[PDB]
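Down below is the structure, laid out as C-alpha cells.
Protein chains: 2
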Amino acid sequence: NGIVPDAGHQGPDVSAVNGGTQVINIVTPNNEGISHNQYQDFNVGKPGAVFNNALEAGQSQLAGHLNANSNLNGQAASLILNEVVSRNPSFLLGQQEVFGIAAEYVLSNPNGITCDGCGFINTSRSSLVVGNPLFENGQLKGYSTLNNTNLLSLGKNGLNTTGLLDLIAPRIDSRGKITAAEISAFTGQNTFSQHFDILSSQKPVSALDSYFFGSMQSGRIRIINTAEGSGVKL
Amino acid sequence: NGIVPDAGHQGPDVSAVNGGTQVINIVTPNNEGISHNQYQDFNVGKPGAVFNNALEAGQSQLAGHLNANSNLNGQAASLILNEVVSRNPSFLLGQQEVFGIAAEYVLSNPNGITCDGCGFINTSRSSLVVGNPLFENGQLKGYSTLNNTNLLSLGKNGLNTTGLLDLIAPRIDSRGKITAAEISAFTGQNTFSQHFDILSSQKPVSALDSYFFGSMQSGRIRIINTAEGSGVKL
C-alpha cells in the first residue's frame, strides 16, 4: 500500500496483483489529454507500479495481463500527472510502467521525492517535481517550486529511463547513476510552464545548494540553477 | 616566453611589459573579422596575457597603457582565434584580457590544454578546444576533435569569466570551480560548426571518459557527450 489515492474525484483506482506490484487505473483524462491523479501517499517499492493507459487488453511488463482501463472512456492520457496532496514525501524504489499508450509522466510532491533504483518504462518523458502543479480555470498552467526548500534525492542505485528526464526541485542531491535519453535539471525557487520553461524565479531566504555525485549516462545534460549565489557541486 | 608565435604570416607580435605580462599584437583580421593567430607555444603564467584588439590607445587592466594595435588597420577582430600548430600542449595559469574592443576568444590546441586559475577578461565568449580549426577556401568552417584522445584539464584553482564559456575536447577532467555566465561542454570525437553546432561524431577506438569534480557556478550548464558508451562522472 505505498500508493494511496485521494478519496475524491481525482483519486484513481489502485490495487495490487500477486507479488505486490501496484496497478493504478488512472482517472479519466480531461480534453487536453491530462489524467490528473491525486494521492494521499505515493511510493513505489521493488515490485514496481503499472499505470493502466490502455484502450485494449494486453500484456504489461510488470503486472501480467490487464484489461483496458474503463476510466479512459476510449481516449488515452497524453500526460499522467500524479500529485501528492498531503504532507507525505515520496520514495521510489522500483520501476514505473505505463501500460498501453506511451505517455508523459509527472510526479509532483512538494514534500520531497527520493529515487533509489527507480525507473520508467514506456514514458516519452518523465518528470519529478518537488513542487506543486498550477491550475487556472481547470487547465494545467505549469508548476511551482516557490517558497519550497525540500529535496529531490537520488540514491546510490540511481534512476533509469529510455525516455527524456526532468528533475525539478529547490535542490537536488544525487549519489548514483542517472541514465536517460536527455537529462534536464532545474533548481531553485521558480515557476514553470507546462513544458518546464522557467517563467519566474525568486532568491531563497537562505542557500539552496545542489550536489551531483555519481554519474550521468546521457547524451544531453542541462542544469539550470536560478538561486543566485547557490552552487552546483560535482 | 610562454607564448611563441609562428614565424609565418599568421604569427602575431608578442612581447612583454615589466613584470612579465605578455602582450600579443594580434594579426590583421580577415573580412569576416577573424584574427587567426598561429603559435609554436601558447602558455599563460600568473602575470597573465593581453591581446591588443584596440583601435585607440588606452588603459589595459593587466599591462598598463597601450597604443592601438597597428596590425588592425582600423578594424577590430570579432573573433581572436589562437591556434597551436606544434605538438606542444598549453598551460593557462593566469588571466587573459582582450584590450580594446570586446571579442570572442578561441584557443585551439590538439595536444591538450590545462587550465589552473585561468580566466578571461573582456571576452563575450571564450572557447577552449582540444582539437583543430577547419578552414576551407580561406574561411573558418568550424572545429574538429576527430581522432584525438587528448585531455582538457581544469585544475583545483578553476577557471573564471563573466562571459560565455565553451569546453570542447575528446575528454575533460575538471577538479576546481568553473565560473561563467553559461558553461557548454562538448565531449567526444566530433566535428563542429564555427558556432559549435555538432555536425558529425565518431565512436572512439576506446573509451573517452570525462570527469567533473569541484563545482560549477553558472546559471546554465550543458554537457553533450557523443562517445556512445563513455560516461560523464560527477
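So the sequences go chain by chain: D and X.
The opening residue of the first sequence carries number 6 in the numbering used here; numbering runs sequentially from there.
The opening residue of the second sequence carries number 6 in the numbering used here; numbering runs sequentially from there.
Every residue gets a Cβ at the ideal spot worked out from N, C-alpha and C, and that includes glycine.
Taking 7 Å as the Cβ-Cβ cut-off, the segment 213-237 of chain D approaches chain X at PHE217, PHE218, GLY219, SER220, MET221, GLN222, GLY224, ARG225, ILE226, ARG227, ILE228, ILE229, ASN230, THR231, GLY236, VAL237, given in chain order. The beta carbon of X/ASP214 is closer than 7 Å to those of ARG176, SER235, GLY236, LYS238 in its chain, skipping five residues each way along the sequence. C-alpha of X/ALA212 to C-alpha of D/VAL9: approximately 46 Å in a straight line.
For D/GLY105, the beta-bridge partners assigned by DSSP are D/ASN58. The Cβ atoms of X/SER83 and X/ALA108 sit closer than 9 Å to each other.
With a threshold of 9 Å between beta carbons, X/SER179 makes contact with chain D. Taking C-beta separations shorter than 8 Å and ignoring five residues to either side along the sequence, the partners of X/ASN137 in its chain run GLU88, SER113, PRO115, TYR148, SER149, following chain order.
Straight-line measurement puts the Cα of X/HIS41 at about 15 Å from the Cα of X/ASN78. DSSP assignment within the segment 30-59 of chain D yields the following whole beta strand (DSSP E) runs of 3 residues or more, N-terminal first: 39-46, 54-58. Positions of the beta strand (DSSP E) runs, each at least 3 residues long and wholly inside the segment 81-166 of chain X, are given as 84-89, 95-97, 100-105, 108-113, 118-120, 123-126, 128-134, 137-141, 144-149, 156-159, 164-166 in order along the chain. For X/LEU213, there is no enclosing beta strand (DSSP E), as DSSP marks it with neither H nor E. X/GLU187: member of the beta strand (DSSP E) spanning 187-192, first to last residue. Only exposed fits D/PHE140, as fewer than 16 other CB atoms lie within 10 angstroms of its CB. Note on geometry: alpha-carbon atoms of D/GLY63 and D/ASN57 lie some 11 Å from one another.
Distance between X/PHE191 and D/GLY25, taken at the CA atoms: about 44 Å. Ranked by Cα distance from D/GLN43, the first of D/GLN15, D/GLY50, D/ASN35 is D/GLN15. Ranked by Cα distance from D/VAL32, the first of D/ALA59, D/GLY69, D/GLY50 is D/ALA59.
A Cβ-Cβ distance of about 6 Å is found for the pair D/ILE203 and D/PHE197, placing them in contact under the 8 Å criterion. Residue contact with chain D for X/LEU239: present (Cβ-Cβ distance below 9 Å to some residue of chain D). Rounded to the nearest angstrom, the gap between the Cα atoms of X/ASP178 and X/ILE118 is 11 Å.
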